[PDB]
Amino acid sequence: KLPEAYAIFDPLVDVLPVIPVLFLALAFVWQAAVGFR
Amino acid sequence: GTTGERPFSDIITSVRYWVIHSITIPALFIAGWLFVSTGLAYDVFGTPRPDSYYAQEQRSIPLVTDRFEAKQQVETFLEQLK
Amino acid sequence: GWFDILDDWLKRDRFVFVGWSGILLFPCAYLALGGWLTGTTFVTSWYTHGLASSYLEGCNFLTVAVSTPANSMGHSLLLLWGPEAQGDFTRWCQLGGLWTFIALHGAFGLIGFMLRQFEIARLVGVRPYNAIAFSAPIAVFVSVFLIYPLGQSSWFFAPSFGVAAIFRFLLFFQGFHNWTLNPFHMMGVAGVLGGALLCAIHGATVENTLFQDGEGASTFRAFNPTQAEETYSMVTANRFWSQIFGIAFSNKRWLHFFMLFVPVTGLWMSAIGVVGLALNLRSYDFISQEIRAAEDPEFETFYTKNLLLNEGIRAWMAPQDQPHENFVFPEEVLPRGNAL
Amino acid sequence: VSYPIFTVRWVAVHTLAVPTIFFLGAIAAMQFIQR
Amino acid sequence: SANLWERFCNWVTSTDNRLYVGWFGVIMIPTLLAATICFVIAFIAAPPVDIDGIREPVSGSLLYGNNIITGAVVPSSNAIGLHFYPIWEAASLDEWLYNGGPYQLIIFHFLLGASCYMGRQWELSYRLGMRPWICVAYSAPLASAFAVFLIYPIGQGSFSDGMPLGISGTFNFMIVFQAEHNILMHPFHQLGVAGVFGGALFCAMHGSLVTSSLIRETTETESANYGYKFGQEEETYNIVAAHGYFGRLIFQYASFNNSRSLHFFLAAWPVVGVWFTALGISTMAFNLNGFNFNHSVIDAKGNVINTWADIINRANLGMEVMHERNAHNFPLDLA
Amino acid sequence: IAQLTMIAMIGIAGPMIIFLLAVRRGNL
Amino acid sequence: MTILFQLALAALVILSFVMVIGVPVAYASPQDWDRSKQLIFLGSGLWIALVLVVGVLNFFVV
Amino acid sequence: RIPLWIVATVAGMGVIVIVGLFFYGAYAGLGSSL
Amino acid sequence: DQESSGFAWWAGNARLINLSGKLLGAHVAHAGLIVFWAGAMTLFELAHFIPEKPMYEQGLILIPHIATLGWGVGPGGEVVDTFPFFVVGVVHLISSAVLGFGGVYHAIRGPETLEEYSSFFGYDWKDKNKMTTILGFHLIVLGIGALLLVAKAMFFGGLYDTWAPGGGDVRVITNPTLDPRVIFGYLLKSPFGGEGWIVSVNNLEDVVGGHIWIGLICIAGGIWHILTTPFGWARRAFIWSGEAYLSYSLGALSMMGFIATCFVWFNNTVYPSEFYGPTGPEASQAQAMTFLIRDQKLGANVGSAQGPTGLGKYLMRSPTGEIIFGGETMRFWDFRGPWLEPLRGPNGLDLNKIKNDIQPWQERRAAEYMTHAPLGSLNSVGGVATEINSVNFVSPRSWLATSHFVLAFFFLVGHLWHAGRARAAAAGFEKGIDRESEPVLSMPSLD
Ligand code: CLA
Ligand code: CLA
Ligand code: CLA
Ligand code: CLA
Ligand code: CLA
Ligand code: CLA
Ligand SMILES: CC1=C(/C=C/C(C)=C/C=C/C(C)=C/C=C/C=C(C)/C=C/C=C(C)/C=C/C2=C(C)CCCC2(C)C)C(C)(C)CCC1
Ligand SMILES: CC1=C(/C=C/C(C)=C/C=C/C(C)=C/C=C/C=C(C)/C=C/C=C(C)/C=C/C2=C(C)CCCC2(C)C)C(C)(C)CCC1
Ligand SMILES: [Ca+2]
Ligand SMILES: [Cl-]
Ligand SMILES: [Fe+2]
């Protein structure tokens, strides 16, 4: 498990992996905002 | 390219719309939620609760076996505390 | 006269065209869709098949379904107010009243819809080949969800409305009717499979045989919504296929009629095959094969092999798949190969 | 233009729109039932 | 002679050939003639093949008791596995026909040629100045033959597990597959049937819409087809009338008016769906099978409450327990 | 227990860094 | 040392969150990134020391 | 006037949330196996 | 600057085909996502990692990659120190921020083009030299990397050698096979059963040795391209454009993707069954081992046992005469593995060793691997499709192999697609047939 100290971040690290997906997503939030030019 | 209806786009953007549906939508949601959470749904559809498939001992199924006296037969199945 | 006023109103061009047909379509179409969505999440199949079948019980989008009525019901229409349910709603639900509901309603809904096509076609003044085509899906629904079980012992053997609940319908037909070996089912697939080819092949032939009518790369905008010239080189397409396949179209009118024909004919054939499976008049065996297999123990074809797969399907499934038969097959009677 | 409100389109939209949310609410609740 | 080879290359590549023998063709034409010629002879006269490596020959040719529907070319032996078995690897043909040698000679040449067939579907498009990509549509059906004839066998460890070359032999491949992988319960197969069902569906939609909205130019007693001449300038149907009808059937914005967007969809759908189906077989070739919901829903005491998912498992067990009667000696089927 | 707290923020973050741009109107 | 470590590590997270939403809108609206070219610089420089702080400081807690 | 691109990304996350609740429900509910 | 009057929205990134600078942000921002993942995932794995339990039973696929390079493990793949894992994880995660910075910067602030803001970095697709040169730079960076491995193995610690004499263990390779005859021999190996081509590598010397050759051969070509231009054919053969170059690299990855799928599925060495799961063939072999072992204890003479077909319940012969395990497992007679080798003789499985040299650690190895074959469902229910829920498991070897066949595949489509576009783009018709000059119309009728 995460070294004893960082344990408080266990939960944080639990979501990190999925972030990359978000970017592919954001690119769409953006284009929508910029009215699909 | 058009008909009488007010262009969805306009409506889904009207602050009036949200002012109405921010109330209406969650309304419907919390209702159905309660429909399940209050156990009402189980009675509206005769659907068994996790503790009502079999009687404690029995391991047989409450199979309806004849059309006409079916309803009657079903009622009896509920009897054995099924 | 009110009639022409009633008409006037109906045939009025709205967002969602109503029309006379709608008076039949929408009531039903909505009830069918509704009943499904209802049962899928609320009604169970315990008193009917000894099966959990709704979200409320724990089923997921694949395992959920509106299961058929008991076998006791027979071919009963199971009306909410009929001898079975007796006006009671909950009982109706537990006796699988929701099946004949979805079935019969959706049935009328397919009539209404085809009528619609017919009605809208007429108004807009176009030919009704969209309606002719839709006869194919009607036939399938009619023969499979109605004619079939009408030939069997009861509605219980009709396909239950649900994803997985349909896969067992497939497995069943293999195992009991050896349906894959049926000339009509084959034509069926040749059409659906062959139809999904024309679809793909024609689409690509068009997109990669287009003229340049724009200066952009994304050639979609370069299209004239207002006819005029052919948007793709029909002449080039002809030469392409004529050199890579040897044969190639050269009459868009025929190429498009062909596309109606192939998949509609396919589904019609697959229907006839089932109309025959109703009476169990299946295409199960090849007698010459069986006779040689009896006398000679070393004769083995991929056919004989299959039949054994069927025996296993029937023996291991029949028990929990036909509850009303109170089947009890001692472990020693169960067909099995070595080790497995 | 001076668009209306209650229209035929509206009716339909709600016949499907209203029940749906009611179900999504029902189902969302089931995710917690147990044994 | 402007230079023999210079000429040769001009012929091969010539766009004036009745059939475009291309560069890819130079590999295609021979491999495909071998595959075809070996098949036809096999299917008609080949003798029984010990497909399962257990000395229990399965005859699948016409002259040995089969009919078109049952007959097939049987897969190489399991004793052979993934080993290469070219004729020159056998003491004799008698030995080669018994271990299912013809199967490999056929699948390899076919798969080889069917690829070049793709390479060609590009080349000709190039020599003709038309956009490529048609060959990319054909990548789907090809990617399937590949999945069913090579990936699955590589994955499973033997060519004897590849799909047989015959009608019934194929049903066998299917029925067993289902038992060992529960494919019907796999996302990729479902996407596959959506694409195929959908395709046929759309194929019918387009086909009808168009054919039904054709501009009249024919007699009442004259084939409506003649109303079209090869090499026309303008269109032969009212795509605006078509859209007019279809837009009213469902509703306007849910209908195509752009023939180009229509046809892209028309191609995109099936090809994309079949791509997934091919990836399904190529994926279940490494034992990542369909969803296993066996005994999921259980009651308050622990009893198992069956779902249709379970009724499906029984049908699968029947297949499992009966396929390959004599080939198993142990508990688990890991092959 | 409920690190959904995390996601939530890093989630409205993506749309935020473009929204603030919709406000400061510029370079989208 | 420990809380001292959890401070540096925890602050280092909020700076990142802040830095991440910042730099973007920064180069985004050219309403400066001249005055913010100052802010960003301090965030960037700061960050590194922090990583080095948590780095060296890790070997004393865990 | 509420900017469309926001109506979407909001109604969007909103669906990934409910549909995600369903996926969680698959390892806890009755549809569990435990 | 760039909008719809460039390309369509959904083809947006092609609008960067000619903006070197911004096209750099992308590649620098992207390369960030990979480090981010690698880093962020490792910590996710470690956060869930349970020391006293197989890695393959925990859905790990990175920690096992580190373990192989000899890190945090010892005798038999026993996990000793989880620090190297935490380290590798956090380090990457950090560097992701550094790279991400540059990416974002080069794509929204810095120069939109490079050619002017520095002629060294700016580039021209058709510039056969700039291309051959940048390629040359990267050919060196990759070459150094190949040696960065040779170093870790020979100097810095070793790698996990499962074939370890004393039994699986971290070992320092100090004798890399450099003999070209052998090294390159692998490339001349059949890709079929038995001779397995690259995937048949079975000892660390060749691995290390071979990487030595690649590192050099690679950097050599890095200099050569720096110092040159494509010859003549090299030019009259290829297409020189932004897309065309992509395509070539697309088909390249595809191929490496398929080769990787087979490596993780078949190879035992560079993918230790100790961290990943037992190989497909390895598991089927273990069942035979297990039962030949069992029944033999019940008094059965394995050597002469006759099965239903009359072939040999436990032992039979392969097509070339060697003694192998019987049953459907006859197809995996090419399986070799630490646990099973000591039973092999010069003619294959030796009936005497099998008869009294089987060791307990082998019996339980065979049992372990038998019950951990790479069979499972999408929802992760280990076993055969007809199995029951309980053992939540799907071999890392299955996950890896499938994911990479899909990616490998779609990339081959990607290749075809971008190559088809490049050839039409070059000659110039990738936007339609010239209504006026319609080529087909100038060709004789074949009819
Ligand atoms: C590509 C290689 C790859 C591989 C081989 C793995 C492998 C693994 N992952 Mg990792 N993962 C990856 C990438 C990868 N991951 C990425 C990029 C992320 C960031 C999102 C993660 C995030 C992640 C998490 C958060 C977790 C894992 C876990 C796991 C393990 C369990 C697998 C599982 O439960 O799958 C189940 C998943 C599926 C069935 C999803 C299939 C989705 C496919 C690809 C979609 C197909 C749709 C297609 C794209 C549609 C487009 C069509 C349209 C255009 C028309 C397994 C070892 C789990 C673990 O470690 O626990 C033990 C875990 O909790 N992974
Ligand atoms: C207009 C479209 C429409 C149509 C065609 C149908 C059709 C059907 N419904 Mg559905 N239904 C609809 C709308 C429609 N429904 C709507 C909107 C709702 C929601 C309120 C329902 C709710 C519903 C329920 C709850 C049930 C059905 C059922 C049925 C089926 C059989 C019922 C029956 O026996 O009717 C008989 C038909 C008539 C009453 C028509 C009589 C017409 C003549 C001209 C009138 C003469 C009247 C006069 C009094 C008689 C003089 C004779 C004298 C000797 C006494 C049938 C397929 C049942 C079912 O599905 O069973 C499995 C069922 O239980 N429906
Ligand atoms: C090596 C990597 C690579 C690179 C750098 C490029 C680069 C490029 N591609 Mg190619 N492509 C690749 C691989 C690659 N491609 C592969 C493997 C395929 C086969 C599928 C394609 C197929 C392809 C097509 C069909 C097209 C391009 C186009 C383009 C150009 C414009 C980019 C674009 O349209 O973005 C826009 C991107 C999107 C709208 C994103 C679509 C999202 C995908 C399909 C979803 C993947 C699912 C995801 C994993 C699921 C997560 C879950 C989600 C709910 C969050 C650009 C030069 C376009 C062009 O104009 O050609 C020159 C074009 O039309 N590419
Ligand atoms: C792999 C991911 C990826 C990457 C690196 C890029 C990169 C790029 N895109 Mg592409 N794009 C992608 C995916 C990607 N795209 C997909 C999937 C699609 C289809 C939806 C598109 C569609 C697309 C279009 C339609 C266009 C581009 C354009 C561009 C270029 C200009 C950037 C821009 O417009 O900023 C605009 C700036 C903003 C509104 C700010 C967005 C927020 C930033 C970038 C993110 C910050 C990230 C993180 C939270 C903070 C880190 C901070 C920390 C280090 C301290 C740039 C090279 C444009 C172009 O052609 O260039 C001229 C263009 O018109 N792209
Ligand atoms: C993919 C690699 C990459 C490349 C090719 C470039 C290229 C460029 N950058 Mg960008 N940059 C990158 C990554 C990259 N950058 C990243 C990750 C960041 C975030 C930190 C930045 C931040 C950045 C800024 C802030 C600026 C640039 C600028 C520039 C341009 C001017 C040249 C220069 O800065 O020289 C710098 C000087 C050198 C040649 C020395 C670099 C040496 C370092 C210390 C070693 C790197 C070691 C490396 C990791 C190991 C390789 C060794 C191996 C072979 C043995 C040039 C086009 C400038 C610009 O926009 O002007 C037009 C500018 O102001 N870049
Ligand atoms: C991966 C990075 C890389 C890349 C992208 C390139 C790219 C290039 N190289 Mg360089 N090269 C590299 C690494 C690389 N090289 C290294 C490491 C070395 C040192 C060994 C060289 C040595 C080198 C030389 C000596 C030459 C090039 C040349 C060239 C150019 C033309 C090549 C060509 O036409 O091939 C296509 C070649 C053929 C027509 C032959 C096809 C036959 C192949 C080899 C076998 C069949 C392949 C089969 C599918 C694979 C299975 C495996 C096999 C072992 C069984 C091209 C720009 C040429 C040039 O123009 O120089 C400036 C040239 O003369 N390169
Ligand atoms: C926090 C943190 C961090 C970092 C982070 C990052 C780097 C992030 C990023 C992030 C991101 C980057 C995010 C994103 C998000 C997103 C979202 C959430 C989206 C959404 C979307 C949507 C919902 C959409 C929709 C739609 C539709 C459906 C239709 C069409 C149109 C549209 C597009 C509108 C660290 C590690 C330091 C530490 C701890 C903390
Ligand atoms: C251009 C563009 C784009 C893209 C982008 C990208 C590609 C990005 C990236 C980004 C990135 C790539 C980023 C990164 C970041 C990072 C960070 C921010 C990090 C941090 C870290 C940390 C902080 C660490 C530490 C730790 C430890 C050691 C342990 C405990 C826990 C923790 C976590 C705390 C888009 C599509 C949107 C749109 C258009 C444009
Ligand atoms: Ca945790
Ligand atoms: Cl069989
Ligand atoms: Fe068409």
# chains A, B, ... in the order shown; residues from 1 in each chain; ligands from 1
>>> interface_residues(of="chain D", to="chain E", cutoff="12 Å", atoms="only C-alpha atoms", output="tab-separated table (two decimals) with N, CA, C and O atoms, in the first residue's frame")
chain	number	residue	atom	x	y	z
D	9	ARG	N	-46.29	18.64	-29.74
D	9	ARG	CA	-44.90	18.23	-29.54
D	9	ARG	C	-44.60	18.15	-28.05
D	9	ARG	O	-43.99	17.20	-27.56
D	33	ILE	N	-30.63	-1.43	-2.20
D	33	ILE	CA	-31.35	-2.55	-1.58
D	33	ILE	C	-30.34	-3.67	-1.35
D	33	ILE	O	-29.38	-3.78	-2.10
D	34	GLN	N	-30.53	-4.51	-0.34
D	34	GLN	CA	-29.58	-5.60	-0.12
D	34	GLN	C	-30.16	-6.87	0.51
D	34	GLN	O	-31.28	-7.27	0.17
D	35	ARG	N	-29.40	-7.51	1.40
D	35	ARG	CA	-29.84	-8.74	2.09
D	35	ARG	C	-28.90	-9.25	3.23
D	35	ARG	O	-27.68	-8.91	3.22
>>> residues_near_ligand(ligand="ligand 7", cutoff="6 Å", atoms="only C-alpha atoms and all ligand atoms", output="ChimeraX atom specification")
/A:19,22-23,25-26,28-29,32 /F:10-15 /G:13,16-17 /H:5,8-10,12-13
>>> write_last_selection(atoms="N, CA, C and O atoms", output="compact mmCIF listing (two decimals), in the first residue's frame")
# COMPACT_ATOMS: atom_id res chain seq x y z
N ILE A 19 -8.08 10.54 -14.84
CA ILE A 19 -7.88 11.89 -15.40
C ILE A 19 -7.62 11.96 -16.91
O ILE A 19 -8.33 12.66 -17.63
N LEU A 22 -10.45 12.39 -19.06
CA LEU A 22 -11.05 13.71 -18.95
C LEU A 22 -10.59 14.66 -20.06
O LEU A 22 -11.41 15.36 -20.65
N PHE A 23 -9.29 14.67 -20.35
CA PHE A 23 -8.77 15.55 -21.41
C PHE A 23 -9.47 15.29 -22.75
O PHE A 23 -9.98 16.22 -23.38
N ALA A 25 -12.15 14.30 -23.15
CA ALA A 25 -13.49 14.85 -22.91
C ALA A 25 -13.50 16.37 -23.04
O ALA A 25 -14.23 16.91 -23.86
N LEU A 26 -12.69 17.04 -22.22
CA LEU A 26 -12.59 18.51 -22.23
C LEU A 26 -12.57 19.10 -23.65
O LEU A 26 -13.28 20.05 -23.93
N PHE A 28 -13.99 18.46 -25.99
CA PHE A 28 -15.36 18.56 -26.46
C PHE A 28 -16.11 19.69 -25.74
O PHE A 28 -16.95 20.38 -26.33
N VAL A 29 -15.81 19.88 -24.46
CA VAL A 29 -16.44 20.95 -23.70
C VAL A 29 -16.07 22.22 -24.49
O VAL A 29 -16.93 23.02 -24.85
N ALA A 32 -17.57 22.85 -27.99
CA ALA A 32 -18.96 23.20 -27.79
C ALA A 32 -19.05 24.68 -27.43
O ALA A 32 -19.87 25.43 -27.97
N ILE F 10 -11.86 18.28 -9.38
CA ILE F 10 -10.99 18.11 -10.54
C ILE F 10 -11.85 17.88 -11.77
O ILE F 10 -11.36 17.92 -12.90
N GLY F 11 -13.14 17.67 -11.52
CA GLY F 11 -14.09 17.44 -12.59
C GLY F 11 -14.68 18.73 -13.14
O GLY F 11 -14.82 18.88 -14.35
N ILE F 12 -15.05 19.65 -12.25
CA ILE F 12 -15.60 20.92 -12.69
C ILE F 12 -14.43 21.83 -13.08
O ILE F 12 -14.61 22.92 -13.60
N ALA F 13 -13.21 21.34 -12.84
CA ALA F 13 -11.99 22.08 -13.16
C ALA F 13 -11.81 22.19 -14.67
O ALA F 13 -11.55 23.27 -15.21
N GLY F 14 -11.93 21.06 -15.35
CA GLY F 14 -11.79 21.06 -16.80
C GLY F 14 -12.67 22.11 -17.45
O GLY F 14 -12.16 22.97 -18.17
N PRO F 15 -13.99 22.08 -17.21
CA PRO F 15 -14.90 23.06 -17.80
C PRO F 15 -14.64 24.48 -17.29
O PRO F 15 -14.88 25.45 -18.00
N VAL G 13 -0.20 20.26 -3.22
CA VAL G 13 -1.33 19.77 -4.00
C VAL G 13 -2.21 20.96 -4.38
O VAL G 13 -2.57 21.11 -5.55
N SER G 16 -0.70 23.06 -7.05
CA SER G 16 -0.85 22.37 -8.34
C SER G 16 -2.25 22.60 -8.91
O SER G 16 -2.41 22.99 -10.07
N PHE G 17 -3.27 22.36 -8.08
CA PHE G 17 -4.65 22.56 -8.48
C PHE G 17 -4.79 23.99 -8.98
O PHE G 17 -5.35 24.23 -10.06
N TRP H 5 -23.43 25.24 -24.64
CA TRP H 5 -22.28 24.41 -24.29
C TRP H 5 -22.22 24.08 -22.80
O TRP H 5 -21.56 23.11 -22.41
N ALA H 8 -25.12 21.42 -21.95
CA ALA H 8 -24.63 20.11 -22.33
C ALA H 8 -23.63 19.52 -21.36
O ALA H 8 -23.91 18.50 -20.74
N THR H 9 -22.47 20.15 -21.21
CA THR H 9 -21.48 19.59 -20.29
C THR H 9 -22.03 19.38 -18.87
O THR H 9 -21.46 18.61 -18.10
N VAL H 10 -23.13 20.04 -18.53
CA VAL H 10 -23.70 19.86 -17.20
C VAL H 10 -24.66 18.68 -17.24
O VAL H 10 -24.62 17.82 -16.37
N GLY H 12 -24.48 16.51 -19.25
CA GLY H 12 -23.60 15.41 -19.60
C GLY H 12 -23.02 14.72 -18.38
O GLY H 12 -23.26 13.54 -18.17
N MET H 13 -22.26 15.45 -17.58
CA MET H 13 -21.66 14.88 -16.38
C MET H 13 -22.80 14.25 -15.60
O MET H 13 -22.65 13.17 -15.03
>>> residues_near_ligand(ligand="ligand 9", cutoff="12 Å", atoms="only C-alpha atoms and all ligand atoms", output="PyMOL selection string")
(chain A and resi 1-3+6-16) or (chain F and resi 1-3) or (chain I and resi 43-50)
>>> write_last_selection(atoms="N, CA, C and O atoms", output="CSV table (one decimal), in the first residue's frame")
chain,number,residue,atom,x,y,z
A,1,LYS,N,0.8,-1.2,0.0
A,1,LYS,CA,0.0,0.0,0.0
A,1,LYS,C,0.9,1.3,0.0
A,1,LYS,O,2.1,1.2,0.1
A,2,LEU,N,0.2,2.4,-0.1
A,2,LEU,CA,1.0,3.7,-0.1
A,2,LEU,C,1.7,3.9,1.2
A,2,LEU,O,1.2,3.7,2.3
A,3,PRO,N,3.0,4.2,1.1
A,3,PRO,CA,3.8,4.4,2.3
A,3,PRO,C,3.0,5.1,3.4
A,3,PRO,O,2.4,6.2,3.2
A,6,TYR,N,1.8,9.0,3.3
A,6,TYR,CA,0.9,9.4,2.3
A,6,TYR,C,-0.5,8.8,2.3
A,6,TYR,O,-1.4,9.2,1.6
A,7,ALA,N,-0.7,7.8,3.2
A,7,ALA,CA,-2.0,7.2,3.4
A,7,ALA,C,-3.2,8.1,3.4
A,7,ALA,O,-4.3,7.8,2.9
A,8,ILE,N,-3.0,9.3,3.9
A,8,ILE,CA,-4.0,10.3,3.9
A,8,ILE,C,-4.5,10.7,2.4
A,8,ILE,O,-5.5,11.3,2.2
A,9,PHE,N,-3.6,10.3,1.5
A,9,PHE,CA,-3.9,10.6,0.1
A,9,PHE,C,-4.4,9.4,-0.7
A,9,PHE,O,-4.7,9.5,-1.9
A,10,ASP,N,-4.5,8.3,0.0
A,10,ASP,CA,-5.0,7.0,-0.6
A,10,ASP,C,-6.2,7.4,-1.5
A,10,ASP,O,-6.1,7.2,-2.7
A,11,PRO,N,-7.2,8.0,-0.9
A,11,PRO,CA,-8.4,8.4,-1.6
A,11,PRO,C,-8.2,9.2,-2.9
A,11,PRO,O,-8.8,9.1,-3.9
A,12,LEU,N,-7.2,10.2,-2.7
A,12,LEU,CA,-6.9,11.0,-3.9
A,12,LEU,C,-6.3,10.2,-5.0
A,12,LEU,O,-6.8,10.3,-6.1
A,13,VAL,N,-5.3,9.4,-4.7
A,13,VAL,CA,-4.7,8.5,-5.7
A,13,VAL,C,-5.7,7.6,-6.3
A,13,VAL,O,-5.5,7.0,-7.4
A,14,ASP,N,-6.8,7.3,-5.6
A,14,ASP,CA,-7.9,6.4,-6.1
A,14,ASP,C,-8.5,6.9,-7.4
A,14,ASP,O,-9.1,6.1,-8.2
A,15,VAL,N,-8.5,8.2,-7.6
A,15,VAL,CA,-9.1,8.8,-8.8
A,15,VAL,C,-8.1,9.3,-9.9
A,15,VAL,O,-8.5,9.3,-11.1
A,16,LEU,N,-6.9,9.5,-9.5
A,16,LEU,CA,-5.9,10.0,-10.5
A,16,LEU,C,-5.9,9.3,-11.9
A,16,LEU,O,-5.9,10.0,-12.9
F,1,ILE,N,-13.3,7.1,2.4
F,1,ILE,CA,-14.8,6.8,2.5
F,1,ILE,C,-15.5,7.4,1.3
F,1,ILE,O,-16.2,6.7,0.5
F,2,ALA,N,-15.5,8.7,1.1
F,2,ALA,CA,-16.1,9.4,0.0
F,2,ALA,C,-15.2,10.4,-0.7
F,2,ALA,O,-15.3,11.6,-0.6
F,3,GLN,N,-14.2,9.8,-1.3
F,3,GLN,CA,-13.2,10.7,-2.1
F,3,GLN,C,-13.9,11.1,-3.4
F,3,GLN,O,-13.2,11.4,-4.4
I,43,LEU,N,1.0,4.2,-8.8
I,43,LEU,CA,0.6,4.5,-7.4
I,43,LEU,C,-0.8,3.9,-7.1
I,43,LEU,O,-1.1,3.5,-6.0
I,44,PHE,N,-1.6,3.8,-8.2
I,44,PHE,CA,-2.9,3.2,-8.0
I,44,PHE,C,-2.7,1.7,-7.7
I,44,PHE,O,-3.4,1.2,-6.8
I,45,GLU,N,-1.9,1.1,-8.5
I,45,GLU,CA,-1.6,-0.3,-8.3
I,45,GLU,C,-1.0,-0.5,-6.9
I,45,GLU,O,-1.6,-1.3,-6.1
I,46,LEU,N,0.0,0.2,-6.6
I,46,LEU,CA,0.7,0.0,-5.2
I,46,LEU,C,-0.3,0.3,-4.1
I,46,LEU,O,-0.3,-0.4,-3.1
I,47,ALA,N,-1.2,1.3,-4.3
I,47,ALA,CA,-2.2,1.6,-3.3
I,47,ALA,C,-3.1,0.4,-3.0
I,47,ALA,O,-3.6,0.3,-1.9
I,48,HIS,N,-3.2,-0.5,-3.9
I,48,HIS,CA,-4.1,-1.6,-3.7
I,48,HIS,C,-3.2,-2.9,-3.6
I,48,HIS,O,-3.7,-3.9,-3.1
I,49,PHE,N,-1.9,-2.8,-4.0
I,49,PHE,CA,-1.1,-4.0,-3.9
I,49,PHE,C,-0.9,-4.6,-2.5
I,49,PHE,O,-0.7,-4.0,-1.5
I,50,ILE,N,-1.1,-5.9,-2.4
I,50,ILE,CA,-1.0,-6.7,-1.2
I,50,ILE,C,0.2,-7.6,-1.3
I,50,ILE,O,0.1,-8.7,-2.0
>>> closest_atom_pairs(of="chain E", to="chain H", cutoff="7 Å", atoms="only C-alpha atoms", output="CSV")
residue,atom,partner,partner_atom,distance
E:295,CA,H:33,CA,6.3
E:296,CA,H:33,CA,4.0
E:297,CA,H:31,CA,4.9
E:298,CA,H:33,CA,6.8
>>> write_last_selection(atoms="C-alpha atoms", output="PDB file, in the first residue's frame")
ATOM      1  CA  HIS E 295     -25.849 -16.921  -9.711  1.00  0.00           C
ATOM      2  CA  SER E 296     -25.706 -13.147  -9.412  1.00  0.00           C
ATOM      3  CA  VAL E 297     -29.147 -12.460  -8.044  1.00  0.00           C
ATOM      4  CA  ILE E 298     -29.479 -14.439  -4.805  1.00  0.00           C
TER       5      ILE E 298
END
>>> residues_around(residues="residue D:20", least_positions_apart="3", cutoff="12 Å", atoms="only C-alpha atoms", output="ChimeraX atom specification")
/B:25,28-29,31-32 /C:33-34,37-38,41 /D:13-17,23-28
>>> residues_near_ligand(ligand="ligand 2", cutoff="10 Å", atoms="only C-alpha atoms and all ligand atoms", output="number ranges by chain")
C: 22-32, 35, 76-82, 85, 87, 89, 92, 96-109, 112
>>> interface_residues(of="chain C", to="chain D", cutoff="7 Å", atoms="only C-alpha atoms", output="list in words")
residues 15, 16 and 56 of chain C
>>> residues_near_ligand(ligand="ligand 1", cutoff="8 Å", atoms="only C-alpha atoms and all ligand atoms", output="ChimeraX atom specification")
/A:14-15,17-21 /E:272-273 /I:37,41,44-45,48,58-61,378-380,394-396,399-404,407
>>> interface_residues(of="chain C", to="chain I", cutoff="9 Å", atoms="only C-alpha atoms", output="MDAnalysis selection string")
chainID C and resid 208:220 232:233 235:236 239 242 338
>>> residues_near_ligand(ligand="ligand 5", cutoff="9 Å", atoms="only C-alpha atoms and all ligand atoms", output="MDAnalysis selection string")
chainID I and resid 20:21 24:25 27:29 31:32 95 97:106 109:111 113:122 137:138 140:141 144
